[PDB]
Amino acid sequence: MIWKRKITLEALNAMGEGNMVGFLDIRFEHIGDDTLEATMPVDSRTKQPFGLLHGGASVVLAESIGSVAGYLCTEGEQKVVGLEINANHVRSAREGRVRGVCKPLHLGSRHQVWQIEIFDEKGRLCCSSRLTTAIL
């Protein structure tokens, strides 16, 4: 396992309460040995004015999963913040929930790089994102 912190899904989902993660109903659904996965609804809270998933909402999902995964790969009072993030919106979404899957590209002593792919309910890729974190 890449993780250094041991956390439960329930405890992970409690982290979002009362901040942006909870307000968008981002739910962590699986902690793998080297992956982290969360879903997010496509509705009035996450759509742009023309009925599509907001490109920024996909990025909120990516930065949420990658930063939390980043945090879980540190120990003690180390913190992890997003330093640079980028994304390509390859397909639009309109309804249902999208699913983000995050895996590590680099786990360094001072920086990390995460890949997050976001899929719709038919399993089609909608967003491909890379997040670089700084360990403080």
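The term rigid core refers to the maximal set of C-alpha atoms that superpose within 1.5 Å between the two forms. Just count from 1 along the sequence shown to find any residue number.
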item: Core-aligned Cα RMS comparison in 5 other deposited structures of this protein - stretch that moves more, 98-106 or 43-51; value: 43-51
item: Comparing 40-48 with 71-79, the one whose average Cα B-factor in the PDB entry is higher; value: 71-79
item: Greater mean Cα temperature factor according to the PDB record, 94-102 or 52-60; value: 94-102
item: Top residue by Cα temperature factor, when 9, 21, 126, 113 are compared in the entry; value: 9
item: Residue 35 - Cα temperature factor, lowest/middle/highest third of chain; value: middle
